[PDB]
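From first to last, the protein sequence lines are chains B and A.
The first sequence runs 144 to 244, 280 to 478, 488 to 799, 805 to 906, 925 to 1155, 1176 to 1190, 1195 to 1215, 1221 to 1247, 1267 to 1384, 1436 to 1534, 1555 to 1629, 1640 to 1696, 1724 to 1858 under the deposited numbering.
The second sequence runs 9 to 186 under the deposited numbering.
Virtual Cβ for every residue (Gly too), placed ideally from N, Cα, C.
Taking it in order: structure first as structure tokens, then the write-up.
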Amino acid sequence: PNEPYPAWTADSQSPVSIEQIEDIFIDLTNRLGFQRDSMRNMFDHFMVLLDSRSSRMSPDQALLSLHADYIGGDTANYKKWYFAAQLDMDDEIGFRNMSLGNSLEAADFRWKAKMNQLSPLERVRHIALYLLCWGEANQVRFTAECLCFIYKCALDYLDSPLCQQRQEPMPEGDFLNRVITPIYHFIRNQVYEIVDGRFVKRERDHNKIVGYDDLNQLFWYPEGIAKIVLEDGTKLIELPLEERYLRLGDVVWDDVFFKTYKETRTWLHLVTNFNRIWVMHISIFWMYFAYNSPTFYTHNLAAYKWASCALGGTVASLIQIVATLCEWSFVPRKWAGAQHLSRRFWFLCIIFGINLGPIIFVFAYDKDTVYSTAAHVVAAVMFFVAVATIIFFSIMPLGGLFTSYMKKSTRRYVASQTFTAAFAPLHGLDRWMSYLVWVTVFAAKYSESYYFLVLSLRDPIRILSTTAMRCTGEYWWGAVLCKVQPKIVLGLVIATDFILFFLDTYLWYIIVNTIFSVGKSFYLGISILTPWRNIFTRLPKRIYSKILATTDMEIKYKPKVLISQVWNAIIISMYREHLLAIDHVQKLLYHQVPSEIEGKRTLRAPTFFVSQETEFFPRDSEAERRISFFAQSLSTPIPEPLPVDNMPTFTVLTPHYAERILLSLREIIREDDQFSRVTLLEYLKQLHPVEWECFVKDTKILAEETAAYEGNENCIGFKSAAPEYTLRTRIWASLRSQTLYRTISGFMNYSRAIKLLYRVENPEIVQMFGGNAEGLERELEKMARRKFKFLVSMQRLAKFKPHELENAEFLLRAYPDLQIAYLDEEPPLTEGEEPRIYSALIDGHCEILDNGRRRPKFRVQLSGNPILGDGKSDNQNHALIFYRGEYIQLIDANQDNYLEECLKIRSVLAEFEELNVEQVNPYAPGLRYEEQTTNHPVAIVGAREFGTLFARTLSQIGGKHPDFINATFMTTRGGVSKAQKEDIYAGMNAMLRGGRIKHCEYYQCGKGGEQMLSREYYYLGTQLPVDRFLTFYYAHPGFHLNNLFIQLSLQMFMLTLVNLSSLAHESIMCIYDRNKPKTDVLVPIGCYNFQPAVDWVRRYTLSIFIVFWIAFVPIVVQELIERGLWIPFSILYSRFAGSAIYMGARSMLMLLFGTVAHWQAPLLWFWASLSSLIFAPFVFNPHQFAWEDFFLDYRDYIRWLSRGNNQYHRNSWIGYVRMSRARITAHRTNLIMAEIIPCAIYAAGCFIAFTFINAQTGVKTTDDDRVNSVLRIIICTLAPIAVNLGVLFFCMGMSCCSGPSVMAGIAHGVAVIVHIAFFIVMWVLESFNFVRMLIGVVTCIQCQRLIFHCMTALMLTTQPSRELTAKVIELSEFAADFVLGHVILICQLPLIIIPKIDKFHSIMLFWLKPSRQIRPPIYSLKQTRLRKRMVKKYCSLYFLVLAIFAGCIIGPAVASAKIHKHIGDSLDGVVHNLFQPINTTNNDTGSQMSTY
Amino acid sequence: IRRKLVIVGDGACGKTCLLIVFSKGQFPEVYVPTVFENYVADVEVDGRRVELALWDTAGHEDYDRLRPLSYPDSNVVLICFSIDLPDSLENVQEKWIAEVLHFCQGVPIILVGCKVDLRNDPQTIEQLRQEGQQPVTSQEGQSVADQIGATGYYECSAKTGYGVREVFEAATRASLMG
């Protein structure tokens, strides 16, 4: 060989010589002025692609395949763009896609013929032009279609006679400075700004930003192309094709581009994109509810039953219309698709009318009066039409719902189908399996839901719909609310069940996926019950079959020898890692000790394989787990390998920013005269003591250096001051600790594995060298360098420290093969100009300059700084231009890899489905799109990993990061990563574009909210097939929405429980046993039995417990290390305040009201859950076992409250309420009101429960005797705020002159005192009954929250008034926070009371992973006495506050017990303000026939 | 001992100017944000040639990954806050003092106030006290140092050479004074 690209160079059949490729690249550079160094880099890139592609096929076939992949083939992004924009065939492509699940065929035939006519030199020219444009694109690489348009213009320019006529070469760098630079400037200006000659960041709502995608989308549609206008005003389209490339620089972009996808409130997105879920769930729930409520649709009839159910279809049509309106909101009207939205709305309204008509006919009371069989049949047929409508709207995707019928002249689809709807269909038994899984899920879900609905709500609906109560009621409307009280309870119950109806589906989805996974495991046959001895026994033959490509090579040697060499390399790797003992390694090694003269004595099978009991592996060693996993992986079916020389070339990409390259000697060893923690070297030693001890004690390093051959048959530091020893310690520490160097070594194991495979498979090379070990090593290294390339990106190298530069130089010295990519900067030629920034690449081969910096092999100039936005994606983008090969592996800064995982690299690459397939001409005239099998490439590949149950749960948590990438596919489309600020976005872009994603279990790698608005979510939800859509929805967003629904159902249940407890308390109930007949005379005469309602409460508690348990199994499963056998207080509270701490406390208060009103066992479970929710942070945090610690934390909390009163402080309560207000801070105003509405509902519900309590149910009706409870609520709600306003005004305008922080704290304390006083006044008004007061105070809190939210909403839409409102809200918030923290500390008191909780703290320490000890420094006696004085002071004050509150609670009860209740002298409309009766019978029963 | 010198502060607060004047001897009119680096200065202490480990890093929260690395074992930290802006001083007390105590363990701590030349600029003081602030003086900085238990409040300004010589020589000698 001896050529840079042996495969293409050596073959005499190659159609184009390397010199011709160089010449054509140079010609393109001359004509378009690409950077010479960029031209060289892309020439190297193209030659490497040809070498890799030709290594596994004929040269001309390789070039043809490259042309097809990049521009000509149906898998080429350029073809898709050309048909979408120049030929305007997007709707026809949507037609074709729908069918698969002049005219397009004619245009495709013309395109194929045109491609076929091309000669090889022309194909090379096309590919080279594209590669040069791509290399120069820089930031435009993310906007791939813009790059395609620029490429089209470049081709038109080149082929024109005008370009050929010119004899003067274009100036170097013309492309970058003229075409790319304006677009980069546009992108940069849309984010940043300049001030005082310094570049500053500018922030705006993402709706106002024009990001990469919005820039990209303009090129999809021909109309978007037409919007481009030059500076002088002429449209770019008017110019002939040959002139366009030159005029491109003259264009102005700011006014051309625009925003395509506009974002608004989250719930609008959820309604639009996930419309099918809502349609199916809500419609079926209505149909179930209609079928089971005779009273609602029966006066005081089967036709009414059937008709009422048909309303389900009407609900579905309504959901569709609402979704359509939201969709109309999202996209701008001028952009293509608005007319389709109008037509779709028209069709949906027509369907709605059709569904409504017959139902209105049946509803007509005159038609009912004279019963007609015609009405009955109409009702039945309407029901079936409604079921058909529900099915139709649940199945069909919203996007292009009626498109097929229209055949409209305009663009039929809203979103370009070529780039948004090209999903690869599932093929074979896989698609049927998906259908069956989802059918199973929904069948089980609906069956279970109907069982539960009928069982739980068949009785309660009857009772609560037909039962009427007896009370005097409030003065204003006394009669009207008791008669509907059970109806309100029933409505709340139905709402709660409606919410639960959604959680059921996710539960069933998890269950069914678990069952299907177990089924797949059975089909595969891999069973844990299978002895590991058998798997190890079979391992050698499996290695022979799979890890080595033996069928390809001639069978001239026994398999035993080859597998022995592979295993010996593996075990020597293990030994070099020191994870195995020398004797253990000897037992695990194919022994050559016996004489080599006898073949049997030459090779001896390992004791480890033959024996299987003995401790072959050290217990709890990473090596043993790695070997076991290797065997397990070999058990599974994996694709056949291919010879190394035939393997494709791939590259490994690693970015990092501030990561630690290598462990510093200072880190390992520290000064003697200091004391802090434990020395890190000793800490690591404790982590792996045996591994550390073995190699130092036995000199295992040199012994393993000798064993690897196995006869060839296979003053800083006090303890030591030897440089080589220092290097050894640093290397060991870097290996055993998170470090970039560890990843670099683990991935150089790729090159080691490739070298090993090439040596093993081809003994002919070894014979040819004939003992020339150095030459053999050189040749194998040539192969390894040819096939595998490692690239690590460092944007920091220009700003590296001296020690970091030394570490990088050491890294390069260790591995000369390695490659690095970094950025460097230079000043401009003209003064008053931006600096020039280049991207450079260095590898170990580059010679070292005099100044010590390594010479750059390639320099590429970028129009501006590549890091436009803070993200890893730009770091990768500025460096990937240097990638080589057909496949890319992505890893983050820190990862670990091993030789065994590297051996299987050939298999991993094979699963991209390119290596083992036969090759055909992609331009044959006969072939048709439908017949082709290469339509959907493999864009991305992911790598993944009593006992059976744990495997099930591990699979559960596993199910849901691209670890490999098809270089060409992702390079032509968008970028390798498109965060454009994450991996999920890149994967979803690949899925949308048309590629596939595969997962492999034979390769494992170790690594150690806003999405809802994304356009990609909208496209996926609006255009996916129904089964694919369900898969996607319940994978990614289902989890978030399920958690949100759990919280919502908790709140709804608390509201329903409050109302139901009030109803049970004020009423008199009657119970019955199961043996006692179902229908019988009521045990007390004139009683309403609500026992089924509390039974519903029990059922709901069980349901929520099940859902919570299922949601929590993954979290406990994640703690596999524990296995089945097993701090600033104020900062923590603020951290979890607003994170369900306030909601937790409010729900705890409602639950306490329910508990005192009525007692049911299920409420105990809710009590436990809420207590856990509130106290979890305060139990799992450390330092809890100390009274002094608690008093210090309490002092810090009191300081936090006090800080900011006089002088603003960031760590203060004022600052945190300010932060909350800032985070809260026309049509959008309506959307804001939309969120305020639910708070109004909750306030109304609590108020209604409070009114129930005071209605005086069982008391004899008294004419004109009524209680004004609503006035009670009004007074108790207004009084605190009114007093706050009054004291604020007093402070503002009074006593300011008499000056001699205390004042602001006084105002806060006064507000707190007034809140407490008004709670006391409420308790007094209730006549000292505790339960009525509890519900009253809950309602008062809800009303205050509603008022504050209304004020905030008004503020979001005079300045002194606004500031006054903000201050008032903040005062109320201080009161709430102070009382909450006070009760928190009360609950803390009992823990402090215990003399010694050291046992609990020790158990907690054992549970905690870090397991770290800290000790305080010494203190002076005077300072210690000051600390003790502070402890005494603050504990005394804390107990004083606690006693004040405890008296405030108990003392009023004692006083009320001492002083008998009395009411008198209530007039002027305000009657019995204080709750009317001191005594009350509240028991109406018996009374013979009469009741009440 | 291995004494380290650390300079911290927000952007365009005078760090680059004084740093370049002291390190090399030029006054740059442009404020160049320093991310993380170290300079060497030759200062004569006790008749001995002492090289200063002039660690530099911008005080912005974006750089919280690299700036804490060299904080340990530092004698004098040059927290750069504007005298005319008490909000910056409040931020020093709020965050920077806590961080210095967190990292600087067993080493003397010196607090430094910058911009001594602009101590009493009326225009800036008026435009920054509109929100109800107070002037900052040398006694105010000494009060802050006393409250935080600092070993001393030395003010240096390399722009005019004020303090830097004696302040930095004392900082080297503070390793023995304590």
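With 16 or more neighbouring CB atoms inside 10 Å of its own CB, B:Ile734 falls in the buried class. The stretch 850 to 858 of chain B and the stretch 940 to 955 of chain B touch, with no fewer than 3 CB-CB distances between them shorter than 8 Å. Shortest Cα-Cα distance from B:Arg1207 to any of B:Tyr308, B:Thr794, B:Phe189, B:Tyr370 involves B:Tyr308.
In this structure, B:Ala468 and B:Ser504 do not form a Cβ contact; the two beta carbons are roughly 16 Å apart against a cut-off of 8 Å. Assignment of B:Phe842 by DSSP, reduced to helix, strand and coil, places it in the strand class.
Among the residues of the stretch 111 to 127 of chain A, those with a Cβ less than 8 Å away from any Cβ of chain B are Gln113, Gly114, in the order of the chain. Using a Cβ-Cβ cut-off of 9 Å, A:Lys167 does not count as an interface residue toward chain B, since no Cβ of chain B sits closer than that to its own. Bounds of any alpha helix (DSSP H) do not take in A:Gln141, whose DSSP letter is neither H nor E. Note on geometry: alpha-carbon atoms of B:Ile1659 and B:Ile1577 lie some 22 Å from one another.
Residues of the stretch 1501 to 1519 of chain B with a Cβ closer than 9 Å to any Cβ of chain A, in chain order: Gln1516, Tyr1517, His1518, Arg1519. DSSP, read as helix, strand or coil, puts B:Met1623 in coil. By the rule that beta-carbons nearer than 9 Å mark a contact, A:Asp92 does not touch chain B.
Under the Cβ criterion of 9 Å, A:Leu74 is counted among the residues facing chain B. Restricting attention to alpha helix (DSSP H) runs no shorter than 4 residues, the stretch 20 to 70 of chain A encloses them at 23 to 31, ordered along the chain. Annotated three-state conformation of B:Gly1675 is helix, per DSSP. Distances from the alpha-carbon of A:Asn99 to those of A:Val16, A:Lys167, A:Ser82 put A:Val16 closest. Bounds of any beta strand (DSSP E) do not take in B:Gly1852, whose DSSP letter is neither H nor E. Going by DSSP, A:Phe89 is part of no beta strand (DSSP E) at all; its letter is neither H nor E. Non-local beta-carbon contacts of A:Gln142 in its own chain, meaning distances under 7 Å to residues more than five positions away in sequence, involve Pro94 in chain order. Per DSSP, the unbroken beta strand (DSSP E) holding B:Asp1034 starts and ends at 1029 to 1036. Non-local beta-carbon contacts of B:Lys1589 in its own chain, meaning distances under 6 Å to residues more than five positions away in sequence, are absent. Annotation: B:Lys670 to B:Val1837 spans about 22 Å, alpha carbon to alpha carbon. In this structure B:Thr605 is buried. Its beta-carbon is surrounded by 16 or more other beta-carbon atoms within 10 angstroms.
Chain B places a beta carbon closer than 9 Å to that of A:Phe44, counting this residue as a contact. Counting only the Cα atoms, B:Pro147 lies some 14 Å from B:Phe998. Secondary structure at B:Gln317: helix, using DSSP grouped into helix, strand and coil. Counting along the chain, the unbroken beta strand (DSSP E) around B:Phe998 starts and ends at 998 to 1004. Taking the CA atoms as reference points, B:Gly1189 sits about 10 Å from B:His1294. The bridge partners DSSP lists for B:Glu661 are B:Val1596.
Contact check for B:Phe397 and B:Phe320: beta-carbon distance about 13 Å, past the 8 Å limit, so the pair fails to qualify. When DSSP states are grouped into helix, strand and coil, B:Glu371 belongs to the strand group. Taking C-beta atoms under 8 Å as the contact rule, B:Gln752 and B:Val970 qualify, at a distance of about 5 Å.
The three-state secondary structure of B:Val429, taken from DSSP, is strand. Per DSSP, reduced to three states, the secondary structure at A:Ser82 is strand.
By alpha-carbon distance to B:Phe1198, the top candidate from B:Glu1110, B:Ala1213, B:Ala1229 is B:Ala1229. Among the CB atoms of chain A, none fall inside 9 Å of the CB of B:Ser944.
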